[PDB]
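Novice: coords please:
(one chain, ligands or ions: 6)
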Amino acid sequence: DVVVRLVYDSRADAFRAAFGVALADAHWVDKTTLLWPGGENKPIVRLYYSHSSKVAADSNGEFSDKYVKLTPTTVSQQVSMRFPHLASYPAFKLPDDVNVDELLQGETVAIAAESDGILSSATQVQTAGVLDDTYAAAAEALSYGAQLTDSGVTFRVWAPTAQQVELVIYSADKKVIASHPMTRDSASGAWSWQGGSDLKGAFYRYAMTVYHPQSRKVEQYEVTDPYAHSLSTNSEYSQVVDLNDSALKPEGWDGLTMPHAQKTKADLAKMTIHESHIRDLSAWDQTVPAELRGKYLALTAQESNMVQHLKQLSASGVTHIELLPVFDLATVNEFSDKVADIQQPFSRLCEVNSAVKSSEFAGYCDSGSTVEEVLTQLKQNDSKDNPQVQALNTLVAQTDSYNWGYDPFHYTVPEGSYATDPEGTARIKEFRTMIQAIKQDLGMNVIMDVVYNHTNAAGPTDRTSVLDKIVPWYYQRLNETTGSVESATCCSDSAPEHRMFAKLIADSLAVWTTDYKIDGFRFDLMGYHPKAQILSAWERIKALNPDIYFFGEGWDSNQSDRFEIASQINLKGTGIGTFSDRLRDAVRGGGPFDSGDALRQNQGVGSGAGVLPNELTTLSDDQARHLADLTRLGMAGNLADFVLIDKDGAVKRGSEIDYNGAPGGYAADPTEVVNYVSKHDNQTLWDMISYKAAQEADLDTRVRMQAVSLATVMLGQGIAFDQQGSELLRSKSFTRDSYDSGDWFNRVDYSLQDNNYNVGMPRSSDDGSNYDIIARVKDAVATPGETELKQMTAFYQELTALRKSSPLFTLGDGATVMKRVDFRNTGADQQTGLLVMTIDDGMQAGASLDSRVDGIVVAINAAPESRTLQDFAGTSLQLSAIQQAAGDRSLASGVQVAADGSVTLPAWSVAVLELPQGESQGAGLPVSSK
Ligand SMILES: OC[C@H]1O[C@H](O[C@H]2[C@H](O)[C@@H](O)[C@@H](O[C@H]3[C@H](O)[C@@H](O)[C@@H](O)O[C@@H]3CO)O[C@@H]2CO)[C@H](O)[C@@H](O)[C@@H]1O
Ligand SMILES: OC[C@H]1O[C@H](O[C@H]2[C@H](O)[C@@H](O)[C@@H](O[C@H]3[C@H](O)[C@@H](O)[C@@H](O)O[C@@H]3CO)O[C@@H]2CO)[C@H](O)[C@@H](O)[C@@H]1O
Ligand SMILES: [Mg+2]
Ligand SMILES: [Mg+2]
Ligand SMILES: [Mg+2]
Ligand SMILES: [Mg+2]
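Specialist: Numbers count the residues shown, from 1 in each chain. Ligands and ions are numbered 1, 2, ... in the order given. Please find the structure below.
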């Protein structure tokens, strides 16, 4: 056959380098199929390979490395189904005798040439597809990690391209005590090593010898176990652990039960979530013991303000705590001597942070002040023209203990910095002690926020690249042309469409479910996962805990060209929940990406769109009433098929109500919809109201706007979700994206002195464009103090208590919602901002689900006027006893129910009314025919 042929010492030589290997747009997708544009209509197409070096031209423009001949072919059905985004690529066939194993041990390069054997293009090869086709089924059948057995221990790691893998065993002091070559299984490409039970507690890493296509070199490095279940401090070494060991469990752990049922849809619909962060809970609470502040174990401090506050929220109807990342994140240093927090001396900050020591704040190094004391004194002269609080805090953020933690280092070990001792197994028992305290002592279920859509890093060099060091280019999603790891998620996008990463996800969830007794999972950026993968994971976890609940962010991920995505639209009818942005934006106003004056112009139902305009808005009545349509639809569970009367009087199904061009209603059951008006992401509800409220809306009115906004969630049929501290009017001083804004901007004050509003301009890098609008709105009214915080907590607990009190609020099943739930004050003659929902328990609905009532009315008067309703004239309607008992502290203070059944609501009020049930089920509130 032909010889494919082509600072330098000749032009001739530099000229040859220009025709070399470029990009990575060839895809080896199965054993015998290669997809590559560069080979179309070319008489010579070959896959060259080199075990130990780069496929390169020799001295006189010759490609001498071993090659395999490729013949043109057409894509198979199987290939097009697996990789639809590649189905248009020119296909090429490999001989069916090719030793795939041999080629995958090193570099492979696709090379094309003309009839005379002259080179046109040469590119690197993406091999994830052939890896799955060759090894995945065999590898899926095995179990991974350091697995203690009755016989001893079996280590296993999947590394189908590695040339060598050794198991390195370390002493407690991190000295090498053994290095064992592992045994490669040819069918699966897994490597294993079996030893005795004496390895319990040992530290270990895998020493890899593996080609990495990013560097094009056979790399040698030690990597922690992607299936690690225990770690040394800062995740440097994995550790052999038996999670079933009683020494790693609090007393009574094996009998720990879920306090709230999750079996039926009606059970699930009661879910009322408090989204919390380990430091946000306790970092500021002086009544938590100092050594437990910012720790899992703070939840055991029963006498603390924070724990007593959570206990009261639970008693009032908050049912679930959702924890921001408590798997092992990368972005906090777990070595305490490398960290400085704001409660500590400025001198400590300077010793750990060279950016501070070289900054304008260096003069504070030998002061006697703490960092917090310095930040406090910086407040008085802080402004848009001198944003000095955030200037210092941005430096503090580099070396503090604070991060949301959407930065996965190891998926199946607890985070170490939240433990009192991050070295070894201690964090496991502390984490479980926290879970037990939440369930047993606080009476709430636990949801974990999980982040399988990306890794913290990829490539052969980064400290936190684990998966992409062990099986390069497999676990990350790559650009089809360049082979670069995509970053659409924020970071290093993962590839849950690949079989062994799907397996890693499911195996990880199994540990959190069985070993840590987690009750549900919130999937970060779930739209980057295939629908089929999320559903497969759910099927596997339901075998372990039949009542587990999955939900996540089902936003469009722009991955639909590669697979059917796990989105709001596509998950309809599956029982997987998604956050709904429909009611969220209708009630808050605007959207997450608004900036500048739009933050004020875009009022929501909760901040007086239409009815109480500010000086900048141009919102029309029609627009306001459209937001109310989205809000009503969301209060009915955001169902695709729910029938309502829209702002123009037209009969519309939920899918026909527009949300920014998309069908508004998307769900089959309300348990597929998670409603919210505040979350860790974007501005807090209070900060949104502060951006949007008319100047004449006083402080007490703004507190009621907060409660009215939350009422649309708490009294709706969707699952209810809220940010920790909404009940305390929580502010982040206008910070939109506070993931690294530290204790200062994320403070929640459980001593009830203030809501953390007006503590300095937020981070300039992301909110600087908002400084002008912030300065204009910030000082309109006073900052909330103890009086307003206590009043808001009472409003909040009134709402959750109402939701908890009757199964009519939480019907669960979509057909049941359609049979029972209706709205009044609809159409072109509605009173703007008055939301009136009815829930039938009468004879036409079916059985009485609530023996105390024949029906419920929810009236939310999001308006500065009193409103009168005649819709229930002649009925026996009564204001709920829960609200009557709150007197002038109720959201229903001043509501009048006249003798004739007419109801008058004051401005910015919420009333829950009921038809008392007598001897037999009554007529109720039948849904109107449409
Ligand atoms: O340096 C890593 C990464 O840091 C920053 O990204 C962070 C986002 O700013 C932060 O909001 C958070 O984003 C997650 C959302 O909170 C979560 O609810 C969901 O939507 O997923 C988001 C991604 O996980 O965390 C990310 C990562 O820490 C920064 O913006 C990036 O540019 C930077 O690369
Ligand atoms: O991923 C990095 C990104 O994280 C955070 O952005 C998140 C938004 O905060 C969050 O609201 C969500 O945005 C979605 C909208 O809510 C939804 O209505 C629709 O428009 O889709 C959006 C996603 O395309 O998710 C994003 C992405 O995580 C963080 O705030 C950003 O600063 C950061 O860059
Ligand atoms: Mg960590
Ligand atoms: Mg930080
Ligand atoms: Mg793409
Ligand atoms: Mg009844």
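Novice: C-alpha coordinates for stretch 407-426, PDB please?
Specialist: In PDB, the C-alpha atoms belonging to stretch 407-426 read as follows (Å, rounded to 0.1, in the frame of the first residue of the first chain):
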ATOM      1  CA  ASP A 407     -18.200  22.400  42.500                       C
ATOM      2  CA  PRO A 408     -18.100  18.600  42.700                       C
ATOM      3  CA  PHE A 409     -14.900  16.900  43.800                       C
ATOM      4  CA  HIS A 410     -16.300  13.500  44.900                       C
ATOM      5  CA  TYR A 411     -19.900  12.700  44.400                       C
ATOM      6  CA  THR A 412     -20.400  10.200  47.200                       C
ATOM      7  CA  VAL A 413     -18.500  11.500  50.300                       C
ATOM      8  CA  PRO A 414     -19.700  14.200  52.600                       C
ATOM      9  CA  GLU A 415     -18.000  17.600  52.400                       C
ATOM     10  CA  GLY A 416     -15.100  17.800  54.900                       C
ATOM     11  CA  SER A 417     -15.200  21.400  55.900                       C
ATOM     12  CA  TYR A 418     -18.600  21.000  57.500                       C
ATOM     13  CA  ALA A 419     -17.200  18.400  59.900                       C
ATOM     14  CA  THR A 420     -15.400  19.200  63.100                       C
ATOM     15  CA  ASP A 421     -12.600  16.800  61.900                       C
ATOM     16  CA  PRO A 422     -12.100  16.500  58.100                       C
ATOM     17  CA  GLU A 423      -9.500  13.800  58.400                       C
ATOM     18  CA  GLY A 424     -10.900  10.400  57.600                       C
ATOM     19  CA  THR A 425     -14.200   8.800  58.500                       C
ATOM     20  CA  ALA A 426     -15.300  11.300  61.300                       C
END
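Novice: touching ligand 1 at all, that stretch?
Specialist: Yes - applying C-beta under 6 Å from any ligand atom, one finds stretch 407-426 in contact with ligand 1 at residue 407. Any C-beta I mention is one placed from the backbone N, CA and C, and that applies to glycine too.
Novice: mind listing what's buried in that stretch?
Specialist: Neighbour-count burial for stretch 407-426, counted by 16 or more other C-beta atoms under 10 Å, picks out 407-419, 422-426.
Novice: for the residue of the chain found nearest ligand 6, which non-adjacent residue is spatially closest?
Specialist: Residue nearest to ligand 6 within the chain: residue 848 (3.3 Å; C-beta to the ion). Residue nearest to residue 848 in three dimensions, not counting chain neighbours: residue 921, with 4.6 Å by C-beta to C-beta, 6 or more residues apart in numbering.
Novice: same check, this time on residue 656
Specialist: Among residues not flanking residue 656 along the chain, residue 663 sits closest, at 7.2 Å (C-beta to C-beta, 6+ apart).
Novice: run a quick neighbour tally on that neighbour.
Specialist: Per other C-beta atoms under 10 Å, the neighbour tally for residue 663 reads 16.
Novice: cool, and residue 900?
Specialist: The burial count for residue 900: 10, using other C-beta under 10 Å.
Novice: doesn't residue 872 make contact with it?
Specialist: No - applying C-beta atoms under 8 Å as the test, residue 900 and residue 872 come out as separate, 9.5 Å apart.
Novice: take the buried residues of stretch 407-426 and keep only those in helices.
Specialist: residue 426 (DSSP state H).
Novice: of the buried residues of stretch 407-426, which ones also sit close to ligand 3?
Specialist: Among the buried residues of stretch 407-426, proximity to ligand 3 is found for 415-416 (C-beta under 5 Å from the ion).
Novice: with adjacent residues omitted, what lies nearest to whichever residue of the stretch 401-550 of the chain sits closest to ligand 2?
Specialist: Closest to ligand 2 within the stretch 401-550 of the chain is residue 490: 3.8 Å, counting by C-beta to the nearest ligand atom. The shortest distance from residue 490 to any non-neighbouring residue, by C-beta to C-beta, 6+ apart, is to residue 454 (6.7 Å).
Novice: what about residue 318, which SS state?
Specialist: Following DSSP: H, G, I helix; E, B strand; the rest coil, residue 318 is assigned to coil.
Novice: near ligand 1, which residues of the stretch 551-700 of the chain show up?
Specialist: Residues of the stretch 551-700 of the chain lying near ligand 1 (C-beta under 6 Å from any ligand atom): 553, 681.
Novice: and stretch 83-101, end to end?
Specialist: Chord length of stretch 83-101, first to last residue, is 22 Å (C-alpha to C-alpha, to the nearest Å).
Novice: mind listing what's buried in it?
Specialist: In stretch 83-101, counting by 16+ other C-beta under 10 Å, buried: 83, 86-87, 89-94, 100.
Novice: show me which pair in the residues you listed is furthest apart.
Specialist: Longest distance between any two of the buried residues of stretch 83-101 is 21.9 Å, between 87 and 100; criterion C-beta to C-beta.
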